[PDB]
Amino acid sequence: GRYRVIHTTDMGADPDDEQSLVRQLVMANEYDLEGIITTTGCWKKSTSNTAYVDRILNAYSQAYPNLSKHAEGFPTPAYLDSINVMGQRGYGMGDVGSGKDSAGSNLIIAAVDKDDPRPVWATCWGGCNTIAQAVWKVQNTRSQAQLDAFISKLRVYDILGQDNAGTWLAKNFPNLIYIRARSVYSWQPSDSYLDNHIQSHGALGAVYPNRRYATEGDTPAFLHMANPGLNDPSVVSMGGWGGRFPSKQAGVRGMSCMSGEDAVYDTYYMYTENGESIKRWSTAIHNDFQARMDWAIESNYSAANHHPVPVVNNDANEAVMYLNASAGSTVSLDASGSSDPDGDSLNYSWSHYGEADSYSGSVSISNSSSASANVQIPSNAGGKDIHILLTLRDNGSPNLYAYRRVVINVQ
Ligand SMILES: [Ca+2]
Ligand SMILES: [Ca+2]
Ligand SMILES: [Cl-]
Ligand SMILES: [Cl-]
Ligand SMILES: [Mg+2]
Ligand SMILES: [Mg+2]
Ligand SMILES: [Mg+2]
Ligand SMILES: [Zn+2]
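So, how was this worked out
- Residues numbered from 1 in each chain as written, not as in the entry; some residues may be left out.
- Chains lettered and ligands numbered in written order.
- Heavy atoms only, no water.
- Residues with missing side-chain atoms left out of burial classes, pairs and counts.
- Helix = DSSP H or I, 4+ residues; strand = E, 2+ residues; numbered from the N terminus.
- Rg over C-alpha atoms; globule rule 2.2 N^0.38 Å.
- Contact = heavy atoms within 4.5 Å.
- Donors = N, O, S within 2.8 Å, 3.2 Å for Na, K, Ca; no water.
- Buried < 20%, exposed > 50% of the residue type's maximum accessible area, 1.4 Å probe, protein only.
- Core = buried A, V, L, I, M, F, W, Y, C linked by side-chain atoms within 4.5 Å.
- Domains from an automatic or database assignment.
- Pairing = 2+ DSSP bridges.
- Axes fitted to C-alpha atoms, helices over the stretch in contact; angles between N-to-C directions.
- Disulfide = S-S within 2.5 Å.
- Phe/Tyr/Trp six-rings, centres within 6.5 Å; stacked < 30°, edge-to-face > 60°.
- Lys NZ or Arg CZ within 6 Å of the ring centre and 35° of its normal.
- Polar contact = N/O pair within 3.5 Å; in protein donor to acceptor, adjacent residues only side chain to side chain.
- Buried area = accessible area lost by both parts, 1.4 Å probe.
- Salt bridge = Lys/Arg side-chain N within 4 Å of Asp/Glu carboxyl O.
- Nonpolar A, V, L, I, M, F, W, Y, C, P; charged D, E, K, R; others polar.
- UniProt positions renumbered as here; feature names shortened; annotations may be inferred.

## Notes on the overall build of the protein
- A count of helices and strands for the protein gives 11 helices and 15 strands.
- Whereas a compact globule of 411 residues would reach a radius of gyration of roughly 22 Å, the protein reaches 21 Å, a difference of no more than 12%.
- Summarising its shape, the C-alpha atoms of the protein cover approximately 60 × 50 × 40 Å along the three principal directions.
- Across the protein, contacts joining residues at least 24 apart in sequence account for 75% of those joining residues at least 6 apart.

Here it is, written out as structure tokens:
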């Protein structure tokens, strides 16, 4: 019920990285976070220490006693300290190669090598060169088969393209699942929301800085993995809080601080959006962070809201649900069972996520605002899939959401 994620971040380039780390930390019970790596990108080409992260983790240690009363599985402060390390200290592929290992690059290697069947995500909040150093070292020291196996267990989520090393990865390792997300600017909350709901809330709020340019431009790089019941982030066409990536595109260019650098790698492909795809989730996203900052400052469970818990057809697993059904049949999807741990009331909303599925037509859902819905599988849907989403919403303060996607493979 959790995904494995390692973040690499160019702390100091812009306050948004700090903002993003605060949100990730109050969401950390939903993940297996395995690295917080301070590194570079074209907006911050040199770095020397982890002091930004140290400061934020000190705040986390003050919030952790409260956070841990609100959900299971928050990582300990000691554990987070252990995975707070330096990555590459210089820029791009110019800091990749012989003698250039970092704590962060080695951390990535060790995570990918681990005997956990789950893949691991490595992200680029700045450049991707700490990931590139890891892959370069594996390529330089292991067999082809061992390199292919390594690549098969990795995924990269690159925000915007901020060094030439991400491009080097996409070009040289075409079997690596690689997203270069660019439509990361349309979902953000207001500065007043931040002041009132976030920054005022205790020690973690005090290390959440104001926006300089954009708020939390890098945050999609973990929201992609926030909701196992909504989306499998390795199926990048599904859509979810990190966006929807329907195809690979050629020559996806990075930011202006690396102009001219991508082109030497042509032709290369990267998954990227074909349409902004985060804003649709914004209400849920904003309410989520609001409630979690309440968790951070309330010592009593009773004093904050917690997410509702979906069940569909007596299946309580926090994962995408897969069903096979015949064309021209009706499928009952019953979310009775679902619960709320605060005793809130629930609202049920069923939708056809037609952007995400291979069926080209429309799909009728009866009683789509009720717990117990019925999906009409078209007679012409054979050989396609149909994605049906349950969105569950409580009436707590603020309203919190939960999801279950049902993927119906039609015969
Ligand atoms: Ca950044
Ligand atoms: Ca609730
Ligand atoms: Cl955007
Ligand atoms: Cl979408
Ligand atoms: Mg404060
Ligand atoms: Mg989406
Ligand atoms: Mg469709
Ligand atoms: Zn609050």
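## Remarks on the coordination of the magnesium ion (ligand 7)
- Donor atoms from the polypeptide that coordinate the magnesium ion (ligand 7) comprise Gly-354 (O), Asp-357 (O), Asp-357 (OD) and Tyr-359 (O), at 2.2 to 2.7 Å from the metal.
- Summarised as a motif, the one-chain spacing of the donors to the magnesium ion (ligand 7) is G-x2-D-x1-Y.
- Residue classification places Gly-354 among the partly exposed positions, given a relative accessible area of 28%.

## Observations regarding the nonpolar core
- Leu-67, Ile-131, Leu-154, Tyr-157, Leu-169, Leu-204 and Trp-241 are the most contacted members of the largest nonpolar core, which has 98 residues in total.
- Here this core spans two domains, since at least three of its residues come from each of domain 1 (1-301) and domain 2 (302-411).
- Not counting chain neighbours up to four residues away, the residues in contact with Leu-154 comprise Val-112, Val-120, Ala-122, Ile-131, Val-135 and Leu-176.
- Within the second largest apolar cluster, 24 residues are counted, among which are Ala-335, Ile-365, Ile-386 and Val-406.

## What about the sheet that holds strand β9 (residues 321-325)?
- Within the open sheet, the 4 strands sit side by side as β9-β15-β14-β11. Their pairing is mixed. Looking at which strands have only one partner, the edges of the open sheet turn out to be β9 and β11 (346-352). For this sheet, the mean inter-axis angle between neighbouring strands, taken without regard to orientation, is 20 degrees.
- Where β9 meets strand β15 (residues 401-410), 5 bridges bridge the pair, whose relative direction is parallel. Across the sheet, the residue bridging to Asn-324 is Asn-409, located in β15.

## Thoughts on the state of the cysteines
- According to the stated counting rule, one finds 2 disulfides in the structure shown.
- Across a sulfur-sulfur distance of 2.0 Å, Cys-42 and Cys-257 are joined as a disulfide pair. In this structure, the disulfide formed by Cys-42 and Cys-257 twists by about 60 degrees around the S-S bond and is classed as right-handed. On the criterion of sequence distance, the pair formed by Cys-42 in the loop between β2 (31-38) and α2 (51-70) and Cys-257 in the loop between β7 (247-250) and β8 (269-272) is long-range, its members being 215 residues apart. Like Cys-257, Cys-42 is buried.
- Paired through a disulfide, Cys-124 and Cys-128 show a sulfur-sulfur distance of 2.0 Å. For the disulfide bridge between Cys-124 and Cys-128, the dihedral angle about the S-S bond is near 110 degrees, and by the sign convention the bridge is right-handed. For the pair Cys-124 and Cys-128, one class covers both residues: buried.
- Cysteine pairing for the protein (bonded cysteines numbered in sequence order): 1-4, 2-3.

## Points about the packing of aromatic side chains
- Tallied over the full model, the rule gives 10 aromatic pairs.
- Arranged with centres 5.4 Å apart and planes meeting at 70 degrees, the rings of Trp-168 and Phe-173 form a pair that is edge-to-face. This pair shows no difference in class: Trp-168 is buried, exactly as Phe-173 is.
- Taken together through their ring pairs, the aromatic side chains of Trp-241, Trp-281, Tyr-353 and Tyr-403 make up a single cluster.
- The ring of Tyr-91 has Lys-45 lying over it, and the distance from NZ or CZ to the ring centre is 4.3 Å.

## Let's talk about the side chain of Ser-277
- Mapping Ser-277 onto the fold places it in the loop between β8 and α11 (282-297).
- Owing to a relative accessible area of 5%, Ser-277 belongs among the buried residues under this scheme.
- Within the local environment of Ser-277, its side chain forms a polar contact with the backbone nitrogen of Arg-244, the two atoms lying 2.9 Å apart.
- In this structure the side chain of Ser-277 is engaged in a polar contact, spanning 3.3 Å, whose partner is the backbone oxygen of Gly-275.
- Apart from residues no more than four positions distant in its own chain, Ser-277 is found in contact with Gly-240, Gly-243 and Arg-244.

## Here we look at the domain arrangement of the protein
- By the assigned domains, the protein splits into domain 1 (1-301) and domain 2 (302-411).
- Centre-to-centre, using C-alpha coordinates, domain 1 lies 29 Å away from domain 2.
- Taken together, the contact pairs 29 residues of domain 1 with 25 residues of domain 2.
- Summed over both sides, the interface of domain 1 with domain 2 buries roughly 2200 Å², with 54% coming from carbon and sulfur.
- Three residues stand out in domain 1 for area buried against domain 2, namely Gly-229, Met-238 and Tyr-301, and they jointly supply 29% of the buried area on that side.
- In this structure, the connection of domain 1 to domain 2 is made through 1 salt bridge.
- One can count 16 residue pairs in polar contact joining domain 1 with domain 2.
- For the side of domain 1 that touches domain 2, the element with the highest residue contribution is α11, accounting for 9 residues.
- When its residues are assigned to classes, the side of domain 1 that touches domain 2 shows 9 nonpolar, 12 polar and 8 charged.

## Looking at the UniProt feature "binding site: Zn(2+)" (unreviewed entry) in the protein
- Mapped onto this numbering, the UniProt entry annotates "binding site: Zn(2+)" (unreviewed entry) at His-201 and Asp-294. In sequence the annotated residues extend across 94 residues, while in space they remain close, none of their C-alpha pairs exceeding 7.1 Å.
- Position of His-201 among the secondary structure elements: in the loop between α8 (191-199) and α9 (202-206).
- According to the relative accessible area criterion, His-201 is buried, its value standing at 11%.
- When near neighbours in sequence (up to four residues on either side) are disregarded, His-201 contacts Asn-196, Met-293, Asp-294 and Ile-297.
- At 3.3 Å, the side chain of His-201 and the backbone oxygen of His-197 are in polar contact.
- Tracing the sequence through the fold places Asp-294 in helix α11.
- Classification of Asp-294 as buried rests on a relative accessible area of 16%.
- If we ignore the near neighbours within four places in the chain, the residues touching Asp-294 are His-201 and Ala-304.

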